[PDB]
Protein chains: 2
Amino acid sequence: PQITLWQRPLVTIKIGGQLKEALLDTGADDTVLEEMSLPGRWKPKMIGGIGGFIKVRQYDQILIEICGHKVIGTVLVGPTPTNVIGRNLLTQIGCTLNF
Amino acid sequence: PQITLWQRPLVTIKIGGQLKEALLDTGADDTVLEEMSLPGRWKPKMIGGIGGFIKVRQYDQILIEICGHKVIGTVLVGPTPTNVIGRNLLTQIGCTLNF
Ligand SMILES: CC(C)(C)OC(=O)N[C@H](CCN[C@@H](Cc1ccccc1)C(=O)N[C@@H](CCC(=O)O)C(=O)N[C@@H](Cc1ccccc1)C(N)=O)Cc1ccccc1
């Protein structure tokens, strides 16, 4: 649908059998979720943002359902304040910015 | 216009007589620009993101031109890696997310 930005653009996602709330973030190349019990294999990685760098576990080919659209992609899990849905998944649901 | 997210959503902004490139960020409540000389007064503030917290100077009623749309709002200046245009200005140009 069309979401305006007067409030934070939060959506419901279903990942790993669990329901969560996530922020649609055009300024994030990657999708980062707060600590979570994910299954499968992974590899370490570091990401940066406004205040510095954090270490996250990187899981590939993870099924995630965002506002009803299923997509499969990489998800990073670590000590992030909020769950963020980045461009790697946003392109997958054909999300665009319009003005 | 309509901007897809296969690449980072960077735009040209004009602020303080200077031209810069900034990232349209739906996941940022605020607009943060790298170090730059701005006129007018200000007050200290701290902001957080993935990574931690940074200190920025906060200037109000600043004219900024984003892809041709002039808007007046608060701008925060400090040690951010990239220039980020947050929701405080994005609502001003009537920017929406669509999918
Ligand atoms: C700028 C202010 C006003 C402080 O807001 C946020 O940080 N907002 C966060 C959105 C994040 N948007 C961008 C802003 C940005 C962009 C470039 C540079 C610095 C900052 C971001 O950090 N994006 C990260 C998200 C994590 C990720 O994508 O993996 C990113 O794309 N980082 C890249 C680019 C990068 C590399 C090195 C250093 C810094 C950044 C990366 N691959 O690590 C959301 C949030 C909500 C609640 C609490 C805290 C934070």
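Letters go in sequence order (proteins before strands), and every chain restarts at 1. Counting starts at 1 for both ligands and their atoms, following the listed order.
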(message) Suppose we screen for salt bridge (charged side-chain N to carboxylate O under 4.0 Å, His left out). Which residues come up paired with B:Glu21, at least two apart in sequence or across chains?
(response) none
(request) From the options A:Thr74, A:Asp30, A:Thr31, select the one residue that forms a side chain to side chain donor-acceptor pair (under 3.5 Å) with A:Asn88. (result) A:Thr31
(request) Check the angle between the aromatic planes of B:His69 and A:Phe99 and answer parallel, tilted or perpendicular using the 30° and 60° thresholds. (result) perpendicular
(request) Answer yes or no: is there a donor N or O on one side and an acceptor on the other, between the side chain of B:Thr96 and the main chain of A:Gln2, under 3.5 Å? (result) no
(message) Can you tell me which residue among A:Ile93, A:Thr91, A:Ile85 is in a side-chain contact (heavy atoms from CB on, under 4.5 Å) with A:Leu89?
(response) A:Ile85
(request) Select all protein residues for which some heavy-atom-to-ligand 1 distance is less than 4.0 Å, and list them by chain and number. (result) A:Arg8, A:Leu23, A:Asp25, A:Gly27, A:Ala28, A:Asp29, A:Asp30, A:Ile47, A:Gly48, A:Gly49, A:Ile50, A:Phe53, A:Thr82, B:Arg8, B:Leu23, B:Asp25, B:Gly27, B:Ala28, B:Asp30, B:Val32, B:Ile47, B:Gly48, B:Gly49, B:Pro81, B:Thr82, B:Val84
(request) Spell out, as yes or no, whether a donor-acceptor pair under 3.5 Å connects the side chain of B:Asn83 to the backbone of B:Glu34. (result) yes
